[PDB]
Every structure is written in C-alpha cells, then in structure tokens.
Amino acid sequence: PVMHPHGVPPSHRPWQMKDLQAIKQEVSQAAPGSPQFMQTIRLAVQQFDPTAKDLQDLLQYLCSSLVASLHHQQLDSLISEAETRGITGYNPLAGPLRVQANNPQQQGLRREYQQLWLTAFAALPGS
C-alpha cells in the first residue's frame, strides 16, 4: 500500500494479513470480474493505493492459480498496448513501467497502472 502522511514523501508499506483478509471477505462474495466484484476490488485499490508489485501480491492471494494466470495474460496485453499509446507520467527512459509503478513518487503512473490492472479483470467473467 502507498501511504500519504502530511508533509513527508509518500511511502510504501507491505500488505498485512489483516488487510488481505478484509479485502477477501468483501471481494470474494462475487465471481471474479463480475460487476459486484469490480466494485469491491476497485474499492480496495482506492483505499490502499497499491503499487504494481502490491497488485500482483493481492491477485495471487485472492485468486486461484488459473484465474491469476488469465488476469496476468490479459494485463500483459493491455500493458503492451498502453506502452504503444504512451502512459500518463511514464517516461520509458526512466525505467520499465512495472518498476516505476513501484516507485511511490510516480503517483500518476501508478494510478494509471492500477486502472490497467482493474481493466484486465474484464477477461474473466462470463456474460
């Protein structure tokens, strides 16, 4: 999670199991990628402002190996497309996207990365 205390640089803290369990008890009420799941996983991203690494750690905790694999494959396609477009706050000469999305100072880029990660869940549900 990325924290925003007043007057000092933003800082990363690791997930705590109580964070993860509280997220699971909400998100896992619904099928992955369903509208209900999307509301609750978006709320978790809002509350915790996670880095790219945090998001993979969260995916691997919440989802089965198969579901995580489907998500990761879709995300890697979305990232390729986004890099071709260009991404807010992202200078590719200053580090790979995923690395920069772990630098707490790169807020704009992290927030965009979060939206890509959230959008990747659209590959999961049945209509």
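All residue numbers refer to positions in the sequence shown, first residue = 1. Rigid core (definition): largest C-alpha set, two forms, superposition within 1.5 Å.
When the other structures are laid on the shown form by the rigid core, the stretch among 22-30 and 41-49 with the greater C-alpha deviation in 4 other deposited structures of this protein turns out to be 22-30. When the other structures are laid on the shown form by the rigid core, the stretch among 95-103 and 50-58 with the greater C-alpha deviation in 4 other deposited structures of this protein turns out to be 95-103.
Judged by mean Cα B factor in the deposited record, 22-30 ranks above the other of 44-52 and 22-30.
Comparing the C-alpha B-factors of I79, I87, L70, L62 in the entry, the top value falls on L62. For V2, the recorded CA B-factor ranks within the lowest third of the chain. Only modelled residues enter the ranking. Among the modelled residues of its chain, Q74 has a C-alpha B-factor that falls in the middle third, as given in the PDB entry.
Among all modelled residues in this chain, the alpha-carbon of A123 has a temperature factor (C-alpha) in the highest third. Looking at the C-alpha B-factors along this chain, the one for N103 belongs to the middle third.
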